[PDB]
Amino acid sequence: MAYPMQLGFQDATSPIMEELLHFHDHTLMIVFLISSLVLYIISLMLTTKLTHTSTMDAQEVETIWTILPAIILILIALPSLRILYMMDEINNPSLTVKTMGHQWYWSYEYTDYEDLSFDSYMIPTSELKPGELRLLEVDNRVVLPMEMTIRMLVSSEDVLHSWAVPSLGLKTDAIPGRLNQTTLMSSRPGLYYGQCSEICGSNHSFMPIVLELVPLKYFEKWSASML
Amino acid sequence: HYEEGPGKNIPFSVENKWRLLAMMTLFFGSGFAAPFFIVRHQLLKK
Amino acid sequence: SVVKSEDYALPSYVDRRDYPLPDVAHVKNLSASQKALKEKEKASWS
Amino acid sequence: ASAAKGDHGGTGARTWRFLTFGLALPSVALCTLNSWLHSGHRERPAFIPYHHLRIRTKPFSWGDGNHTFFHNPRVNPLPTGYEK
Amino acid sequence: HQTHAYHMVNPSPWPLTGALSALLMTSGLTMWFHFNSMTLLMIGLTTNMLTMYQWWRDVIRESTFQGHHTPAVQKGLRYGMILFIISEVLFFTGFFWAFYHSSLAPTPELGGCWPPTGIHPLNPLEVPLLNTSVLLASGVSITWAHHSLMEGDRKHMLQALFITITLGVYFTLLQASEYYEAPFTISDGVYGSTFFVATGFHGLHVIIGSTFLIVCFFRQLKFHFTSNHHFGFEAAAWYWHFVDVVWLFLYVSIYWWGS
Amino acid sequence: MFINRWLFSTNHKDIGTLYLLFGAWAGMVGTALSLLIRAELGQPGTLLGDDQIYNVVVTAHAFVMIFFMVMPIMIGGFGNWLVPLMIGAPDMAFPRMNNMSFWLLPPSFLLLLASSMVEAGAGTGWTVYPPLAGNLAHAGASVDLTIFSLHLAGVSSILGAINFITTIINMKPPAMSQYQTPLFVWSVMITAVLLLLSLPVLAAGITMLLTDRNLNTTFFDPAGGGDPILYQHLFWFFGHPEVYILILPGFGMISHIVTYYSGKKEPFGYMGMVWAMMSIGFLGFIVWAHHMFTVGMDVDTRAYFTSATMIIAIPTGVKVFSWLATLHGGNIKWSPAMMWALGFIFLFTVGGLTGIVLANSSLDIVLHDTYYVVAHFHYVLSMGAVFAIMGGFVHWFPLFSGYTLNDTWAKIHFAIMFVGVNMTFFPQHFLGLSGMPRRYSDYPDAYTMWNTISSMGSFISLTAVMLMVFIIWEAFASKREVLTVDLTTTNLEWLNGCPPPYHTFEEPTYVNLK
Amino acid sequence: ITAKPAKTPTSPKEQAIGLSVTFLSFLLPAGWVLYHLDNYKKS
Amino acid sequence: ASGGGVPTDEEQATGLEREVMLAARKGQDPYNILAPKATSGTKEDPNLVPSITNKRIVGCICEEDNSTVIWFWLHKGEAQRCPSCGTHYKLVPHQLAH
Amino acid sequence: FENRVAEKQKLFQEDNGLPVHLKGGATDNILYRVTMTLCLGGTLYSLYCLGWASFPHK
Ligand SMILES: CCCCCCCCCCCCCCCCCC(=O)OC[C@H](COP(=O)([O-])OCC(O)COP(=O)([O-])OC[C@@H](COC(=O)CCCCCCCCCCCCCCCCC)OC(=O)CCCCCCCCCCCCCCCCC)OC(=O)CCCCCCCCCCCCCCCCC
Ligand SMILES: CCCCCCCCCCCCCCCCCC(=O)OCC(COC(=O)CCCCCCCCCCCCCCCCC)OC(=O)CCCCCCCCCCCCCCCCC
Ligand code: HEA
Ligand code: HEA
Ligand SMILES: CCCCC/C=C\C/C=C/C/C=C\C/C=C\CCCC(=O)O[C@H](COC(=O)CCCCCCCCCCCCCCCCC)COP(=O)(O)OCCN
Ligand SMILES: CCCCC/C=C\C/C=C\C/C=C\C/C=C\CCCC(=O)O[C@H](COC(=O)CCCCCCCCCCCCCCCCC)COP(=O)(O)OCCN
Ligand SMILES: CCCCCC/C=C\CCCCCCCCCC(=O)O[C@H](COC(=O)CCCCCCCCCCCCCCC)COP(=O)(O)OC[C@@H](O)CO
Ligand SMILES: CCCCCC/C=C\CCCCCCCCCC(=O)O[C@H](COC(=O)CCCCCCCCCCCCCCC)COP(=O)(O)OC[C@@H](O)CO
Ligand SMILES: CCCCCCCCCCO[C@@H]1O[C@H](CO)[C@@H](O[C@H]2O[C@H](CO)[C@@H](O)[C@H](O)[C@H]2O)[C@H](O)[C@H]1O
Ligand SMILES: CCCCCCCCCCO[C@@H]1O[C@H](CO)[C@@H](O[C@H]2O[C@H](CO)[C@@H](O)[C@H](O)[C@H]2O)[C@H](O)[C@H]1O
Ligand SMILES: C[C@H](CCC(=O)O)[C@H]1CC[C@H]2[C@@H]3[C@H](O)C[C@@H]4C[C@H](O)CC[C@]4(C)[C@H]3C[C@H](O)[C@]12C
Ligand SMILES: C[C@H](CCC(=O)O)[C@H]1CC[C@H]2[C@@H]3[C@H](O)C[C@@H]4C[C@H](O)CC[C@]4(C)[C@H]3C[C@H](O)[C@]12C
Ligand code: CUA
Ligand SMILES: [Cu+2]
Ligand SMILES: [Mg+2]
Ligand code: NA
Ligand SMILES: [Zn+2]
């Protein structure tokens with residue numbers, strides 16, 4: 001979860017999210033450099049009584065300010081696409097969980113072995129227990145084993161939704177008639193929150209996602225108890 | 001032919017600045033007000 | 001000296017750093033002493 | 001075949017008329033006969049209430065709301081089946 | 001007095017009547033679809049026809065009767081018509097895109113195949129082939145009409161143009177009959193959707209193009225066109241060829257490859 | 001006389017004026033909508049008590065700003081006023097069709113307002129994605145009214161595009177090549193080509209949405225074998241070109257403004273600028289699926305759209321650096337117009353750079369549908385487009401009206417606006433990075449501070465807008481008539497005086513072929 | 001840009017009036033709606 | 001396909017279209033369709049600029065392929081010079097119509 | 001049929017100051033008035049329909 005006055009990304013929970021953090025640092029450096037350069041040049045152009053208003057030859061200068069940006073773009077693109085193909089590469093999951101979007105809640109299905117499914121609704125603000133998070137807690141969390149590669153399948157039974165968990169670097173649209181696949185792996189136990197990320201009507205703001213990441217044995221027992 | 005020159009190439013009169021103020025306030029003010037009254041309308045239906 | 005709207009197509013006076021010698025003189029109609037001054041200008045400026 | 005003819009020099013209107021009556025309209029006459037023979041109202045297929053067909057998400061804005069615009073009773077079943 | 005060759009147009013009410021007819025047609029479609037009334041829509045359709053009639057009448061008055069169409073003005077209209085046809089090509093490409101998207105990746109609800117389960121496509125070698133010959137033939141005849149006009153031949157221009165129009169009418173009646181005879185409908189999933197919306201918009205364009213040709217027929221009867229100045233006719237011919245080419249793409253894509 | 005002049009117009013200047021008036025009125029509607037957005041968000045909890053209303057407001061905001069403020073002002077307003085004057089043409093090619101392009105807009109706007117008034121409105125987002133925009137999730141007339149609103153606006157712009165391309169190609173002096181036309185004329189030309197090619201695809205898509213809603217088609221409905229993602233492809237195939245359409249005339253105006261107030265006879269690297277705009281136009285058609293990185297597209301496709309999107313930085317950079325090189329060596333006049341243009345250069349650049357961050361599909365997974373995107377586009381669009389419009393307005397108002405603004409008041413207005421927009425939008429980057437979704441009526445408690453500051457910013461911009469209305473009043477109230485304008489030798493639009501006569505260039509310019 | 005002096009000069013006082021009236025035309029209607037938001041919700 | 005009955009432009013063209021057609025066959029250009037060829041541009045051999053009135057806007061493309069066009073009002077009287085390149089232009093009024 | 005274009009050319013180039021849309025005569029004025037009546041009357045009717053569609057019903 002986000003904490004108050006936060007400026008950057010949520011701390012990374014997956015090694016892919018850690019890759020993204022370093023890639024963002026790389027890209028942001030370039031962004032701050034270019035924007036501050038532009039602002040400085042502006043100030044430079046505007047702070048001299050010296051003049052030169054005759055026709056200026058442009059050919060030499062356009063080489064520099066085409067080739068340099070091209071190189072910079074390649075320097076962004078290389079690690080970008082490395083991460084892209086890293087995300088996509090072969091995984092071998094231990095478990096498959098499905099999530100279905102609804103107006104306005106998520107359902108989850110764990111059907112590798114038994115038929116375990118349930119709905120997950122936002123806790124209304126009036127029903128929050130002390131210390132619980134407004135708009136974020138659900139009644140039934142998505143319990144999952146930590147330190148394990150999980151295949152998430154995402155779809156919807158009505159309109160578009162999108163299933164997101166920022167700290168795991170995850171966002172996958174939930175589209176009826178389609179079954180979208182993403183892979184999930186938490187380095188740590190804990191509670192990891194997200195929110196519906198496609199406008200789905202009136203209560204778009206009010207159908208969160210809460211993952212509960214625990215040791216396999218606790219997951220196994222929880223599963224059996226949810227039948 | 002049509003009127004030409006400053007204050008004449010426009011579909012509103014600038015002949016009197018107070019009448020103009022009135023017209024400009026109705027014009028711009030009606031645009032700005034409209035969404036507030038549509039919100040109101042939608043709140044009152046249901 | 002009076003610039004009129006009807007004069008828009010004529011060369012005009014401007015004070016600019018980068019256009020130091022404008023197309024027209026600032027004063028077009030000289031007084032009698034100013035005309036004598038322009039006559040005196042044709043002799044030594046010392 | 002690009003074609004198989006060849007013709008240039010003093011063409012214009014005369015050449016295009018030649019093509020109209022010598023090639024174009026004969027083709028249309030031939031396709032008109034081919035169609036006059038290979039028509040004849042054919043076997044209407046057995047009705048199966050497939051859910052991807054006979055879609056009704058909103059009533060149509062004409063008739064009883066359940067008939068398509070060029071509805072042919074012989075060959076177009078309703079969601080509930082053929083009319084008889 | 002101007003010393004350029006361009007046309008300063010008299011102030012006109014037709015832009016405003018056209019725009020309001022757009023409001024009446026759209027709000028009319030809404031009223032028809034939702035508050036089952038046709039009244040606004042019929043007013044809209046009436047005013048739209050009145051607008052088009054008077055607008056294009058005035059263009060004839062400006063050109064044929066008043067002489068405002070200098071070569072410069074005519075060159076502008078040529079660009080205008082080409083650009084308008086380009087925009088229409090792109091409109092159709094949206095429907096082709098939809099057709100290929102649906103047909104190349106048929107979903108499980110269709111049975112995972114194209115044509116879908118339960119759809120019996122028309123035979124492309126029967127009436128669709130006739131339709132193809134008809135529009136191709138009409139491209140030949142319009143070219144004859146054009147060459148006759150440029151050669152100063154009134155009678156053969158009229159004959160060729162009449163033939164062109166007749167073929168257009170024939171295509172239209174053939175397609176109306178095919179629509180009636182088709183055992184699938186617009187409500188038959190994505191097959192019906194893509195088929196009837198794409199061919200239906202094409203059909204509309206055929207009617208529009210036929211109407212344009214009919215206008216040129218009556219203008220030719222009344223001696224409007226010269227052997228060198230007849231842009232209305234050229235525009236109608238470009239439009240007609242456009243209609244033909246769109247047919248060919250539909251025929252190859254929907255009727256042949258998509259069966 | 002009045003009716004003949006203002007309702008039956010066939011005059012490019014008067015139609016231009018109508019467009020400017022329309023756009024200004026639309027701008028107030030859009031602003032009001034923007035403020036309701038920020039009011040809802042300005043403290044935690046609910047203000048309106050109805051998130052369908054919130055979503056309707058968000059949707060209307062975007063449609064008003066894009067289709068009724070920016071496009072009418074830039075293309076309809078500045079385009080109609082300036083293009084024929086800049087090429088010495090007596091009017092547009094199709095002066096009567098020009099008038100229909102204008103008059104289609106009030107009905108288009110009425111349809112949109114109708115949509116918000118009937119049922120519970122169109123709470124869809126400006127993308128209008130099915131199935132949310134379908135006949136089950138948005139039953140009734142609202143979405144149909146929205147669709148028809150877009151159809152009218154589409155027709156208007158396509159006809160306008162036809163008119164502009166024709167005018168610019170056909171109506172220049174016989175000696176003037178395309179490489180002797182001003183950059184603003186190029187910017188309108190290229191914009192027009194984009195509209196001509198993009199809007200018909202939008203028209204196809206929304207018509208398919210219309211038939212899904214009312215004729216039982218299933219283009220976008222899985223039950224009939226359709227696909228919601230098809231709609232997104234069709235929408236964005238238009239939608240990306242649309243954003244270049246929105247900025248290109250701005251780039252054209254900025255080139256003129258920077259050139260003028262630098263006391264230069266010409267922009268630096270004219271052919272590079274032309275090249276840049278054409279390149280941006282072309283590339284703008286091959287990048288659209290960067291709006292769809294989270295829908296489930298293959299990795300190779302993502303790689304392609306990432307790479308192609310980034311390429312756009314190259315020509316855009318040539319423009320940015322060329323504006324700087326135009327300033328370089330200038331006798332800088334610190335007019336209010338120049339301030340707007342300098343603000344444009346910096347703020348556009350910041351916005352463009354966050355675009356490049358977003359182009360990277362891997363990062364975009366986390367940033368998509370967050371306030372980072374909202375920050376991105378209010379920098380490039382809100383600020384970029386608006387700053388160009390303001391700069392253009394201040395610069396050319398004396399041409400259009402014959403009266404001068406109070407420059408001190410205009411500088412005050414800029415200062416307030418600069419503070420406002422930056423306080424509004426800069427914090428939204430933090431909101432985005434920390435994961436706040438867009439299109440939310442309320443947020444988890446941790447996001448309170450940035451939302452609070454952002455909403456306070458929105459009120460500063462409101463004060464700027466109110467002041468702008470006063471400034472225009474004061475100008476018309478005081479009636480200081482223009483006498484002399486500098487640099488007319490390289491700014492032809494000014495050479496017929498202020499305002500120009502109803503008919504200009506009745507006798508055309510004389511240009512030798514040398 | 002050079003211009004003539006104002007044909008109908010607008011004094012500081014007249015500017016205060018113009019500004020005040022402009023500001024009120026935007027603030028009062030919206031103000032009324034927002035103040036009464038609560039009333040509307042109960043209906 | 002041959003025979004008659006279609007009018008020619010000679011027979012049926014009217015108004016401005018006709019005036020343009022007739023002026024063209026006499027090799028004249030009163031409606032400014034063609035680009036004028038430059039003279040040497042000296043004081044002795046100025047570019048002659050027809051006008052139906054006492055002034056006309058000149059655009060000077062000082063050198064071939066210049067993108068910047070230099071614009072100014074040319075008044076009746078003594079030849080005037082382009083402010084950029086100095087080439088001479090002289091107004092020849094009447095020359096166009098009444 | 002006979003070529004009567006010259007008659008029309010004379011009619012439409014007559015120096016009577018009428019705009020092209022009214023220059024054919026009284027019929028033009030009538031068609032104009034019909035078109036404009038239907039447009040404005042239709043537009044008023046659309047506004048009424050909006051008003052009616054903007055509120056819930058019995
Ligand atoms: C499913 C099938 C699909 C197939 C494909 C579809 C095909 C369908 C095609 C239908 C559309 C055809 C349009 C052709 C128009 C031809 C005009 C032309 O080219 O001549 C140039 C003509 C030149 O004439 P001119 O004498 O040289 O002088 C012109 C001057 O302006 C001065 O003259 P003027 O212009 O002021 O007016 C001259 C006018 C005289 O002026 C007047 O006094 C009155 C003018 C009234 C104008 C009406 C406005 C129409 C718009 C109304 C829209 C609503 C629909 C209602 C229709 C009502 C019809 C009255 O001349 C007339 O007399 C015209 C009447 C001719 C009577 C012929 C009747 C034929 C009936 C055939 C029945 C056969 C049955 C046989 C059975 C036998 C068995 C027993 O100039 C024009 O008229 C302007 C042309 C504008 C062209 C733009 C058209 C845009 C189309 C959109 C509107 C569509 C509806 C219009 C047609 C209505 C049909 C009834
Ligand atoms: C564009 C604005 C123009 C200015 C207009 C002024 C008027 C408007 C007023 C409003 C003006 C407010 C100015 C405050 C600037 C603070 C920026 C910062 O500290 O950012 C730091 C980063 C670091 O990211 C992280 O990983 C966070 C963890 C590490 C640091 C946090 C340590 C903990 C500290 C917590 C307490 C701090 C208190 C809060 C401190 C936060 C302050 C808001 O944050 C991020 O990622 C955010 C990425 C933003 C991306 C924007 C791209 C454009 C580049 C910048 C344009 C200007 C260039 C010219 C150079 C600038 C010259 C103009
Ligand atoms: C004026 C409007 C406008 C303009 C010009 C742009 C310009 C760009 N945008 Fe923008 N964008 C929008 C308006 C605009 N955008 C809107 C409205 C949305 C949201 C749509 C919605 O969902 O509602 C959006 C969303 C959007 C997305 C989708 C994000 C998402 O939803 O997840 C992406 C993805 O790549 C993108 C990228 C870009 C890029 C690469 C540019 C480039 O064209 C920018 C290039 C410019 C620069 C880079 C700055 C100048 C260059 C230099 C100084 C040279 C040196 C620089 C480098 C070497 C990097 N933007
Ligand atoms: C040109 C486009 C444009 C402009 C100017 C704006 C202007 C503003 N917008 Fe934006 N906005 C969008 C386009 C624009 N917007 C789009 C496309 C979306 C996405 C909608 C969706 O998700 O579906 C959006 C969404 C959006 C959101 C996110 C809502 C959500 O995700 O829930 C917010 C939040 O703060 C916001 C706020 C503002 C504010 C405070 C302003 C302004 O108040 C900032 C100050 C600017 C002005 C006040 C403009 C003044 C101009 C004039 C008055 C014209 C003058 C005319 C002449 C001089 C002739 N808007
Ligand atoms: C898979 C689904 C597909 C479904 C549909 C399929 C196919 C649809 C195709 C339909 C076409 C069918 C019939 C049309 C037939 C004839 C029309 C053309 C008539 C003609 O004769 O065209 C000529 C070519 O011009 C011209 O392209 C002038 C062009 C005007 C400018 C256009 C600019 C906009 C286009 C953008 C492209 C980029 C521009 C590149 C510029 C490079 C310049 C060297 C005319 O030359 P001209 O000197 O301009 O004429 C005098 C003034 N106009
Ligand atoms: C003679 C040739 C045949 C075509 C012409 C004749 C009649 C149709 C009239 C207009 C067609 C125009 C556009 C196409 C739109 C929708 C598809 C309609 C094409 C059609 O006619 O398809 C018919 C359905 O008509 C239907 O639903 C409803 C048909 C009527 C209502 C349609 C109204 C909606 C119009 C949408 C307007 C938006 C377009 C805007 C354009 C963009 C502008 C920028 C098919 O009949 P069916 O019984 O399902 O199957 C056959 C079973 N034997
Ligand atoms: C059953 C009835 C149903 C009716 C429905 C259809 C109704 C209407 C559509 C029919 C289109 C008719 C267009 C008639 C145009 C006539 C005016 C004309 O053709 O005007 C010509 C100029 O061209 C010009 O404006 C060129 C102008 C061309 C206009 C192009 C028209 C296309 C309109 C299509 C609309 C598309 C809608 C698509 C929906 C998505 C005049 O110049 P010339 O011909 O050189 O004459 C001069 C010489 O005589 C001098 O010697
Ligand atoms: C459900 C949604 C409903 C929406 C309704 C549509 C909105 C309004 C409909 C009203 C249209 C009726 C009026 C006819 C318009 C004729 C335009 C025309 O014909 O314009 C011509 C220019 O365009 C040319 O050539 C090129 C030809 C352009 C023809 C334009 C015809 C209308 C186009 C509508 C469809 C546009 C695109 C659709 C596909 C994406 C002539 O230009 P003017 O300036 O008049 O004169 C110039 C003079 O020199 C001539 O003497
Ligand atoms: C792009 C433009 C598209 C143009 C669309 C044109 C569509 C034509 C619809 C035809 O509908 C027929 O005509 C009747 C009317 O003539 C309908 O009466 C129906 O509709 C009336 C609406 O006024 C009701 O009053 C009647 O009760 C009701 O039976 C009837 O169902 C149907 O056979
Ligand atoms: C987001 C856009 C910007 C919004 C900011 C608006 C700033 C405020 C402007 C003043 O608006 C007025 O405020 C009064 C209260 O101060 C209201 O009177 C209300 O309250 C008074 C005292 O409580 C009563 O006398 C009145 O009857 C009652 O209408 C009055 O209606 C309202 O017009
Ligand atoms: C050839 C053309 C026009 C030159 C002219 O006729 O004036 C010029 C104008 C802009 C030029 C381009 C732009 O300057 C941007 C690029 C700059 C690089 O230095 C070379 C490639 C580059 C892509 C240029 C190639 C070429 O010199 C262009 C395309
Ligand atoms: C009436 C006219 C006579 C010669 C003339 O006016 O120039 C002739 C010349 C060409 C004739 C038309 C053409 O031959 C084409 C058509 C042929 C059909 O058999 C009769 C209708 C048809 C549409 C003819 C009607 C009429 O007889 C026309 C128009
Ligand atoms: Cu579900 Cu947003
Ligand atoms: Cu984009
Ligand atoms: Mg999304
Ligand atoms: Na809120
Ligand atoms: Zn020169």
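Basis for what follows: all heavy atoms, side chains included, without hydrogens, waters or symmetry-related copies. Throughout, protein chains are lettered first and strands after them, A, B, ... in sequence-line order, and every chain is numbered starting at 1.
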* Student check: side-chain heavy atoms of A:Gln181 and A:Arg151 closer than 4.5 Å -> yes

* Toward chain F, the part of A:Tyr3 with a non-hydrogen atom under 4.5 Å -> backbone

* To do: Would you mind checking which part of F:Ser322 comes under 4.5 Å of any heavy atom in chain A, side chain (CB onward), backbone (N, CA, C, O), both or neither?
  => both

* Between A:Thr48, A:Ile34, A:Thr55, A:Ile41, which shows the greatest number of heavy-atom pairs under 4.5 Å with chain F? -> A:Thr55

* Pick one of side chain, backbone, both or neither for F:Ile53, based on which atoms fall under 4.5 Å of a heavy atom in chain A. => neither

* Residues A:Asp173 and F:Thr294: side-chain donor-acceptor under 3.5 angstrom -> yes

* State, without any angle test, whether A:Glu137 and A:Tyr193 hold a side-chain donor-acceptor pair at a distance under 3.5 Å. => yes

* **Derivation and outcome, ring-ring contact (aromatic ring centres under 6.0 Å, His included), residues F:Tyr379 and F:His376** => CA-CA 5 Å; F:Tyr379 268 81; F:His376 157 64; 9.5 Å; no

* To do: Evaluate the side-chain proximity of F:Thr490 to F:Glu266: yes if any heavy-atom separation is below 4.5 Å, no if none is.
  => no

* Should A:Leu211 and A:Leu168 count as side-chain neighbours, where that means a heavy-atom distance under 4.5 Å? -> yes

* **Among the listed options A:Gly194, A:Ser156, A:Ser167, A:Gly169, the residue most often paired with chain F at heavy-atom distances under 4.5 Å** => A:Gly169

* Checking heavy atoms, do the side chain of A:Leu136, its backbone, both or neither come under 4.5 Å from chain F? -> side chain

* Structure fact -> Whatever's closer than 4.5 Å to a heavy atom in chain F on A:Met17 counts as side chain

* To do: May I have the step-by-step check of ring-ring contact (aromatic ring centres under 6.0 Å, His included) for A:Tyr105 and A:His161, ending in yes or no?
  => CA-CA 10 Å; A:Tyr105 66 94; A:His161 301 274; 8.8 Å; no

* F:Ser361-F:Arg302 side chain donor-acceptor pair, cut-off 3.5 Å -> no

* To do: In sequence, state the C-alpha distance, the side-chain angles, and the governing distance for A:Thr149 and A:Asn91, and then conclude on side chain to side chain donor-acceptor pair (under 3.5 Å).
  => CA-CA 7 Å; A:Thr149 300; A:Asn91 62 327; 6.0 Å; no

* Asked: Top residue by heavy-atom pair count (under 4.5 Å) with chain F, among A:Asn203, A:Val61, A:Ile83?
  -> A:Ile83

* Part of A:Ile72 lying under 4.5 Å from any heavy atom of chain F -> neither

* Asked: Which region of F:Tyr447, side chain (C-beta onward) or backbone (N, CA, C, O), has a non-hydrogen atom less than 4.5 Å from a non-hydrogen atom of chain A, or is it both or neither?
  -> side chain

* So what's closer than 4.5 Å to chain A heavy atoms on F:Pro44: side chain, backbone, both or neither? -> both

* Which atoms of A:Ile175 approach chain F - backbone, side chain, both or neither, heavy atom under 4.5 Å -> side chain

* Let me know if F:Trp323 has heavy atoms under 4.5 Å from chain A in its side chain, its backbone, both or neither. => neither

* **Top contributor to chain F contacts, counting heavy-atom pairs under 4.5 Å, from A:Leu73, A:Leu84, A:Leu44** => A:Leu84

* To do: Under 4.5 Å heavy-atom distance to chain A, tell me which part of F:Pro228 shows up: side chain, backbone, both or neither.
  => side chain

* Can you label the angle between the F:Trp450 ring and the F:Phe430 ring as parallel, tilted or perpendicular, going by 30° and 60°? => tilted

* Asked: Should F:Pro437 and F:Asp369 count as side-chain neighbours, where that means a heavy-atom distance under 4.5 Å?
  -> no

* Asked: Measuring heavy-atom distances to chain A, does F:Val350 have an atom under 4.5 Å in its side chain, in its backbone, in both, or in neither?
  -> side chain

* Asked: In terms of side-chain heavy atoms, does A:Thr51 have a donor or acceptor partner in F:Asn331 at a distance below 3.5 Å?
  -> no

* Structure fact -> If one checks every heavy atom of F:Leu431 against chain A at 4.5 Å, the contacting part turns out to be neither

* What part of F:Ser307 lies closer than 4.5 angstrom to a heavy atom of chain A: side chain, backbone, both or neither? -> side chain

* At a heavy-atom separation under 4.5 Å, does F:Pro131 approach chain A through its side chain, its backbone, both, or neither? -> both

* What option among A:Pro69, A:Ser197, A:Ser202, A:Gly177 has the most heavy-atom pairs under 4.5 Å with chain F? -> A:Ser202

* Structure fact -> When the 4.5 angstrom heavy-atom criterion is applied to F:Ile332 and chain A, the contacting part is side chain

* **Contact class of F:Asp300 relative to chain A, heavy atoms under 4.5 angstrom** => both

* Region of F:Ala137 that comes under 4.5 Å of a non-hydrogen atom in chain A -> side chain

* Region of A:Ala70 in contact with chain F, defined by heavy-atom distances below 4.5 Å -> both

* To do: Please state whether the side chain, the backbone, both or neither of A:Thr27 comes within less than 4.5 Å of a heavy atom of chain F.
  => side chain

* Ion pair present between A:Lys171 and F:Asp364, side-chain N to carboxylate O less than 4.0 angstrom? -> no

* Is there a side-chain contact between A:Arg141 and A:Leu191, using heavy atoms and a 4.5 Å cut-off? -> yes

* **Option in A:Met45, A:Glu19, A:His24 with maximal non-hydrogen atom pairs under 4.5 Å from chain F** => A:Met45

